[PDB]
Amino acid sequence: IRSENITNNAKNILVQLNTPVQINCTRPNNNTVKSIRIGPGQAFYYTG
Amino acid sequence: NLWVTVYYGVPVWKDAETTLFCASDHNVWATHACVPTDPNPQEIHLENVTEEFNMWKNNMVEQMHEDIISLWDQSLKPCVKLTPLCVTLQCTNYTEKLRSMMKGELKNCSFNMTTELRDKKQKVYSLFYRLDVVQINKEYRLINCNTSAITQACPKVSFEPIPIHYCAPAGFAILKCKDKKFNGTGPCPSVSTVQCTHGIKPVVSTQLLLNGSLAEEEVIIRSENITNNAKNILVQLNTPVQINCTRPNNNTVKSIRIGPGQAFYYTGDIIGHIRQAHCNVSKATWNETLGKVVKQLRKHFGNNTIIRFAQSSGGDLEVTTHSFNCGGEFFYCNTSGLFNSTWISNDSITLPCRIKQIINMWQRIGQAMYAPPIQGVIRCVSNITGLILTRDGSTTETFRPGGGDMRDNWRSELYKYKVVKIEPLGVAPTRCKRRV
Amino acid sequence: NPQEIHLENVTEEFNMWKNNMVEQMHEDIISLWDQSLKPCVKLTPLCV
Amino acid sequence: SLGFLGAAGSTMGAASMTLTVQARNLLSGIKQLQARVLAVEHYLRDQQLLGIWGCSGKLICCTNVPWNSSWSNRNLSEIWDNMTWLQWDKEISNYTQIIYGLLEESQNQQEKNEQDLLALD
Amino acid sequence: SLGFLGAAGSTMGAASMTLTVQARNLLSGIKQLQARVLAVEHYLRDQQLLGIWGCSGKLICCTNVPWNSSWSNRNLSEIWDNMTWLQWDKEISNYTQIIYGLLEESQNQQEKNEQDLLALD
Amino acid sequence: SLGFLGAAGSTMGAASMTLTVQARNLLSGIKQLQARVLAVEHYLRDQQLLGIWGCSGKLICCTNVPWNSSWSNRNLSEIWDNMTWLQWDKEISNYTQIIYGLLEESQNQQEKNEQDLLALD
Amino acid sequence: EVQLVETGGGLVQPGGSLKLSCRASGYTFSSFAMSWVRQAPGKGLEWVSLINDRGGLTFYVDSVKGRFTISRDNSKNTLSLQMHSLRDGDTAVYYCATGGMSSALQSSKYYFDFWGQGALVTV
Ligand SMILES: *[C@@H]1O[C@H](CO)[C@@H](O[C@@H]2O[C@H](CO)[C@@H](O[C@@H]3O[C@H](CO[C@H]4O[C@H](CO)[C@@H](O)[C@H](O)[C@@H]4O)[C@@H](O)[C@H](O[C@H]4O[C@H](CO)[C@@H](O)[C@H](O)[C@@H]4O[C@H]4O[C@H](CO)[C@@H](O)[C@H](O)[C@@H]4O)[C@@H]3O)[C@H](O)[C@H]2NC(C)=O)[C@H](O)[C@H]1NC(C)=O
Ligand SMILES: *[C@@H]1O[C@H](CO)[C@@H](O[C@@H]2O[C@H](CO)[C@@H](O[C@@H]3O[C@H](CO)[C@@H](O)[C@H](O[C@H]4O[C@H](CO)[C@@H](O)[C@H](O)[C@@H]4O)[C@@H]3O)[C@H](O)[C@H]2NC(C)=O)[C@H](O)[C@H]1NC(C)=O
Ligand SMILES: *[C@@H]1O[C@H](CO)[C@@H](O[C@@H]2O[C@H](CO)[C@@H](O)[C@H](O)[C@H]2NC(C)=O)[C@H](O)[C@H]1NC(C)=O
Ligand SMILES: *[C@@H]1O[C@H](CO)[C@@H](O)[C@H](O)[C@H]1NC(C)=O
Ligand SMILES: *[C@@H]1O[C@H](CO)[C@@H](O)[C@H](O)[C@H]1NC(C)=O
Ligand SMILES: *[C@@H]1O[C@H](CO)[C@@H](O)[C@H](O)[C@H]1NC(C)=O
Ligand SMILES: *[C@@H]1O[C@H](CO)[C@@H](O)[C@H](O)[C@H]1NC(C)=O
Ligand SMILES: *[C@@H]1O[C@H](CO)[C@@H](O)[C@H](O)[C@H]1NC(C)=O
Ligand SMILES: *[C@@H]1O[C@H](CO)[C@@H](O)[C@H](O)[C@H]1NC(C)=O
Ligand SMILES: *[C@@H]1O[C@H](CO)[C@@H](O)[C@H](O)[C@H]1NC(C)=O
Ligand SMILES: *[C@@H]1O[C@H](CO)[C@@H](O)[C@H](O)[C@H]1NC(C)=O
Ligand SMILES: *[C@@H]1O[C@H](CO)[C@@H](O)[C@H](O)[C@H]1NC(C)=O
Ligand SMILES: *[C@@H]1O[C@H](CO)[C@@H](O)[C@H](O)[C@H]1NC(C)=O
Ligand SMILES: *[C@@H]1O[C@H](CO)[C@@H](O)[C@H](O)[C@H]1NC(C)=O
Ligand SMILES: *[C@@H]1O[C@H](CO)[C@@H](O)[C@H](O)[C@H]1NC(C)=O
Ligand SMILES: *[C@@H]1O[C@H](CO)[C@@H](O)[C@H](O)[C@H]1NC(C)=O
Ligand SMILES: *[C@@H]1O[C@H](CO)[C@@H](O)[C@H](O)[C@H]1NC(C)=O
Ligand SMILES: *[C@@H]1O[C@H](CO)[C@@H](O)[C@H](O)[C@H]1NC(C)=O
Ligand SMILES: *[C@@H]1O[C@H](CO)[C@@H](O)[C@H](O)[C@H]1NC(C)=O
Ligand SMILES: *[C@@H]1O[C@H](CO)[C@@H](O)[C@H](O)[C@H]1NC(C)=O
Ligand SMILES: *[C@@H]1O[C@H](CO)[C@@H](O)[C@H](O)[C@H]1NC(C)=O
Ligand SMILES: *[C@@H]1O[C@H](CO)[C@@H](O)[C@H](O)[C@H]1NC(C)=O
Ligand SMILES: *[C@@H]1O[C@H](CO)[C@@H](O)[C@H](O)[C@H]1NC(C)=O
Ligand SMILES: *[C@@H]1O[C@H](CO)[C@@H](O)[C@H](O)[C@H]1NC(C)=O
């Protein structure tokens, strides 16, 4: 546990772990992407 | 018996790749940013130095390429960007009564163009070359709208290829081959040292090399392999062939403002008859030129064979035609009249040339330039000093015009130079002992 | 704590009309001015 | 004078008479500055190397490292009268770092020895 | 060899044997150029300072300026055997410019003395 | 001390006592980098020139090139007591490169001569 | 093929100044160091002086160090010895010879490989 002061509650506390914790994170939606040209050579991408 | 003696200032060097700075005595190429040249440059002949050169692995060509691209883009940045031009055009054929090769070229296109004030519009009529306008199903659009915006070239900046010298920094030197029969690779026994190269005109062309420098004694054929037909063959001529080429139409240029301080230039009308742009190469001179080329090709491909010249294969107009700048205008010459012959063991050749105002240069996608029109008739006289040839994949060999990789034009001009790093230190045995 | 060193017996020829400090001061002022205005609102919609 | 590198094709002995010429040509936006800074860094690295060897003010500097024969078994006639510096460079390339290491060690010993002699009243 | 700064924790005596290791390591888009130039400027300022003292070609350079004791009252074994250079630099920091000033004056006098000695036929 | 260039109006003799003052002040975004690099190149060109002459570690370097009189026919009192260095620099301008060339040649002979003297067992 | 010819005076009164010039041929003059060796009529050989190939360095035997000057002109292939004081003990046949030294990048000498005919100098 590292902190500039510890006693001063206005500072952030940086906690370095000894072992990692795995975080399995996903965006489950099967988004189908479309694109259009918005200017000469300027393409815009959006979720279709 | 002998002791190590340290010497500093030893005249030795090793092959190296370093940064070179331009020297030169408005223009697209920024001689303002470049450094003034030495009015009395030195060249030091190395009487007993033989060195190995390789024009195909010469990093001076790669640096020249980046410098030309950078200067081009810097020149175009402070200019009018033609975003208001990607509009619907209503085009008709300028003259329906033409019976010349120009019928179908030069369309009279109308459009609603912007003006200085954001709240107003103006109706503009202008002429465009057929190659610049593509039908959108009459309704047309500019060819670039499909891929990129167009930056208008500044009308005040000349496209003349003013010579550029490349000069090495201290600690490095440039070796000049000075071998009249050097084929672009291998040992060169007449090496001299210069600090900077001679001036090179950044002439941009395909198929034929214009201006630059001629071979001293005979046509020289340079290729990375010869055997591998996929490589370009660079042919340096012994004598120049003059090519007299013009854009005969007396184009009258009008201009309008398209935004605050944004001026757009376009061809307004043409005074007099409409005539095709063309190049003229003398038949006798060209035939002699090819005869020299055929004998030099035979020296590598074998005697008692047939050497055929044919027109280029299909592909982008810039590559399939002879592309070049003339007066600031862009010409795309057919060239088929020059490469239509089979060689078995006053009366000029007139080449049609197309004019295109929307240039997608350097084989890049995403940038485009609008070449503004030039008032009056354009006439250029230039020297053809070399060819870029390719070979078909056999008793008969067939050669065709090639190009499109601009680095090969600079490879032709830079074949004489190598950049080396100076290593001033060395050690050697002597009888000299430091006094302890 | 800037210093100034008097040259007791030095006479020098000055010419304010060929003084290259002026050309650099001018160029520097132009550069500062343009850098200052560059990251600011450009009123092209105002030309109505 | 033959000018910069004019003696490059000459024998090692003859080319020793032009050591000052090449030295002068070692010193005499971003691209130009990088080229100039690189020239300065190479010059200074070579001068620092000479300094470590005790050769900081010399173009020809004699040392106390013996020639070990394996580095090159040519006699003085063959090296100085019948060879150029480019040929020598190539011949001695594989031993250059060995020689440089010995030169550094030799100077270090001499500095300590000098320091001790100057400590004798 | 202990490598660059590997002698930092060693005694001053032992650490004096590795001066060439650090010497090599003082020399070996706008930020890269500027730092390279800064490294050159620091190197040259230190070499120029050594030149003022007549030490341009030496890593260990003896001088003619006596130690004034007030600067440090330690014996030779207390400094060279029982201390590191980091401790010395802290201990002698307040007197560094005084010492440098004296070194400059000593060399200036030496150059005049040499100039006069060389004028005796 | 008179400070940087404070001796400029003094006689050459008196001015010879302040050489370290100017020497220290020779070393002490594109524009900043170009100017400081340029200062380094000028410093190094002067140091290289002194090196070629065998003056790499000295501010007052006494050489072996005789004065040819034609360069200046003033005697020692007229030069060292009745003139400043600016007046001398103006007077000797047309002969500066001649002197420099002679200095280079003299040092080259000395280095070769030393190399031969050190080859006598 | 190598020849050395010594030309000079054969008589000088004591306190006189004389010059002896040895001209060389058959080899590159500028590539060899040269010396003078003296032999009194009733004595053996004595080394007197040594000059480098370039002429920059000169050495003398102590007996003549303050009185003799050795020099060479490499364009005329001539080695000259200028004698001063010329005290009686300097009556002898003088010989010029190549060798005795090398310029650090050459194999060592320390011997005299070519000798001239010599010249008798009577004080
Ligand atoms: C973080 O942790 C959470 C739990 O805390 C976890 O959530 C779980 O996600 C999984 C998906 O990965 C969900 O699984 C679904 O479960 C239902 C119900 O299954 C039960 O019932 C069947 C009955 O046959 C049993 O076999 C099974 O064992 C269970 O008891 C299923 O209906 C789902 O199957 C569909 O999706 C599959 C995805 O691959 C398809 O393969 C499958 O065929 C099904 O979809 C297809 O068929 C359908 C047929 O009706 C059709 O309608 C569909 O359109 C499609 O064609 C699926 O297996 C599980 O329920 C979640 N659990 C909870 C408690 O919510 C997160 O996944 C986890 N995240 C990470 C990142 O680790
Ligand atoms: C190979 O080299 C040749 C010879 O160098 C070269 O041909 C030359 O081209 C230039 C530019 O096109 C010609 O010079 C022009 O000539 C006309 C004659 O009226 C002038 O009007 C031009 O100057 C006006 O226009 C310029 C436009 O930028 C302005 O900058 C200028 O201020 C003037 O308003 C200009 O001088 C020149 O005449 C020809 N040479 C010959 C002999 O015809 C050729 O282009 C080179 N090859 C290639 C592929 O570029
Ligand atoms: C150059 O002009 C010639 C005609 O003069 C064109 O040659 C024709 O090419 C087509 C294929 O594009 C062939 O089918 C024809 O048979 C050719 N005709 C002749 C008479 O040769 C050539 O294509 C033109 N090139 C360009 C790039 O426009
Ligand atoms: C880290 O440990 C030191 C030991 O002196 C102590 O002074 C300091 O407060 C500690 N800091 C934290 C954030 O624990
Ligand atoms: C934060 O640290 C300081 C010392 O830097 C200390 O005086 C202060 O008490 C600390 N903060 C609090 C809330 O105690
Ligand atoms: C949004 O609504 C419109 C209404 O007609 C529909 O056509 C369109 O498919 C909808 N978009 C999506 C992504 O479902
Ligand atoms: C212009 O000429 C071309 C030539 O092929 C023709 O196809 C086209 O229809 C003509 N356009 C008009 C509007 O007449
Ligand atoms: C210009 O805008 C008007 C608006 O009514 C339209 O009728 C006309 O076709 C436009 N002109 C062109 C050339 O597209
Ligand atoms: C637009 O660009 C694509 C790129 O592949 C090209 O195939 C297409 O022909 C172009 N459009 C027209 C109308 O030529
Ligand atoms: C150039 O000549 C050299 C001579 O060795 C040869 O190896 C090389 O293949 C030749 N290249 C061409 C393209 O003729
Ligand atoms: C290219 O040259 C190499 C030698 O460098 C040769 O082996 C090879 O055959 C050549 N290419 C072809 C396609 O023959
Ligand atoms: C090109 O024009 C010049 C003008 O003087 C003329 O002398 C020359 O013969 C012409 N060349 C050709 C090939 O028409
Ligand atoms: C284009 O066509 C219009 C049709 O009214 C005509 O007025 C105009 O003159 C034409 N432009 C040119 C340059 O001939
Ligand atoms: C084009 O026509 C105008 C009309 O007067 C004339 O002044 C001009 O000189 C012509 N240009 C050429 C090159 O013939
Ligand atoms: C063509 O080459 C000749 C060779 O003497 C030269 O004089 C002439 O100026 C060249 N022409 C051009 C347009 O560069
Ligand atoms: C090149 O070698 C020849 C061989 O005779 C020699 O005479 C000449 O001096 C050498 N060149 C140089 C520059 O030393
Ligand atoms: C010479 O090199 C050999 C290896 O070739 C080595 O064994 C020997 O110690 C070296 N001798 C000296 C004196 O450095
Ligand atoms: C240096 O080492 C390389 C290793 O491949 C070898 O080929 C080369 O001949 C060596 N050079 C000498 C001069 O020993
Ligand atoms: C650290 O101190 C110990 C004390 O015994 C000594 O042995 C060791 O050599 C020292 N480390 C270095 C790097 O000098
Ligand atoms: C030592 O320094 C003191 C000031 O700390 C000074 O008074 C004294 O004179 C100095 N001694 C010598 C011998 O220079
Ligand atoms: C250096 O001066 C500072 C001034 O505050 C003082 O605290 C420190 O003790 C001094 N150090 C020595 C070694 O005299
Ligand atoms: C200036 O000259 C005067 C004599 O005129 C002299 O006393 C004075 O010291 C000089 N100043 C300097 C700085 O040398
Ligand atoms: C002095 O210089 C002149 C030329 O200004 C020259 O002729 C003369 O020989 C020189 N004198 C000496 C002794 O070098
Ligand atoms: C240098 O030479 C120029 C030649 O015009 C002359 O005017 C000037 O006075 C000379 N200067 C000296 C100090 O001799």
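Taken together, the values in this text are just the output of simple stated rules run on the coordinates, not laboratory data. Because the Cβ atoms are built from the backbone with ideal geometry, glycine has one as well, and the counts that use them run over all protein chains shown.
A few remarks follow.
- Prolate is the label for the protein assembly as shown, because the ratio a/c of its alpha-carbon gyration tensor axes (a ≥ b ≥ c) is 1.5 or higher and a/b is greater than b/c.
- Taking the average, over residues, of other Cβ atoms within 10 Å as the packing measure, peptides D:39-50, D:83-94, G:101-112 rank D:39-50, G:101-112, D:83-94 from highest down.
- Checked against a 28 Å cut-off, the cross-linked pairs C:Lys18/F:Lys90; B:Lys416/F:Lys31; B:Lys57/D:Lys90; B:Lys77/B:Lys201 give Cα-Cα distances beyond that limit for B:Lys416/F:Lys31.
- Environment charge at G:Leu86 (Cβ cut-off 14 Å; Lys +1, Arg +1, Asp -1, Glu -1): +2
- Mean separation of Cα pairs under 8 Å and 6 or more residues apart, divided by the residue count, gives the range F:37-121 a relative contact order of 39 percent.
- Inter-copy separations for F:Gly13, label at 7 Å along Cα-Cβ, nm, ascending: 5.1, 5.1
- Neighbouring Cβ atoms from other chains, within 10 Å of the Cβ of residues in D:71-77, number 4 on average.
- Cleavage-rule hits (chymotrypsin sites (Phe, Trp or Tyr not before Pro)) in chain C: DSSP loop, at most 10 neighbouring Cβ within 10 angstrom: C:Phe14
- Taking packing as the residue-averaged number of other Cβ atoms within 10 angstrom, the listed peptides B:202-215, B:157-170 run from highest to lowest as B:202-215, B:157-170.
- Annotation for E:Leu2 and B:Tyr125: the two label points, set 7 Å from Cα along the Cα-Cβ direction, are 9.1 nm apart.
- Within 10 Å of the Cβ of each residue in F:52-62, the mean number of Cβ atoms contributed by other protein chains is 6.
- Taking trypsin sites (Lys or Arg not before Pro) across the range G:9-49, the ones in a DSSP loop with at most 15 further Cβ atoms lying within 10 angstrom of their Cβ are G:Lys43.
- Alpha carbon centroid spacing (whole Å) that separates the range B:66-138 from the range D:1-54: 57 Å
- Packing rank of D:73-81, B:39-47, where each peptide gets the mean count of other beta carbons within 10 Å, highest leading: D:73-81, B:39-47
- Cut-off 11 Å between beta-carbons: net charge of the residues surrounding B:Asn238, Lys and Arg +1, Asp and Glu -1: -2
- Comment: the Cα-to-Cβ extended label point of D:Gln115, at 7 Å, lies 3.2, 3.2 nm from its counterparts in the other copies, nearest first.
- Annotation: for a label point projected 7 angstrom from Cα along Cα→Cβ of B:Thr305, residues of the range B:369-412 with backbone N closer than 14 Å are B:390-400.
- Gap separating the Cα centres of the range G:1-59 and the range E:84-110, nearest whole Å: 58 Å
- Spatial separation of Cα centroids for the range B:216-241 and the range B:334-354, in angstrom: 19 Å
- For the segment C:18-25, counting C-beta atoms of other chains within 10 Å of every residue's C-beta and taking the mean gives 0.
- Over chain B: helical MRE at 222 nm, DSSP H runs n ≥ 4 each giving -39500 (n - 2.57), nearest 500: -3500 deg cm²/dmol
- Between copies, the label points at F:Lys90 (set 7 angstrom from Cα along Cα-to-Cβ) are spaced 5.8, 5.9 nm, reported in nanometres from shortest to longest.
- Classified by the C-alpha gyration tensor, chain G has a prolate form. Its axis ratio a/c, with a ≥ b ≥ c, is 1.5 or above, and a/b is larger than b/c.
- Considering helices alone, the calculated mean residue ellipticity of chain E at 222 nm is -17000 deg cm²/dmol, with DSSP H runs of length four and up weighted by -39500 (n - 2.57) and normalised per residue.
- Taking a ≥ b ≥ c as the square roots of the eigenvalues of the Cα gyration tensor, chain D is classed as oblate, since a/c reaches at least 1.5 and a/b does not exceed b/c.
- The alpha-carbon of E:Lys58 sits under 17 angstrom from the alpha-carbons of these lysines, leaving out residues fewer than 8 places away in its chain: D:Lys58, D:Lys112, F:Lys58.
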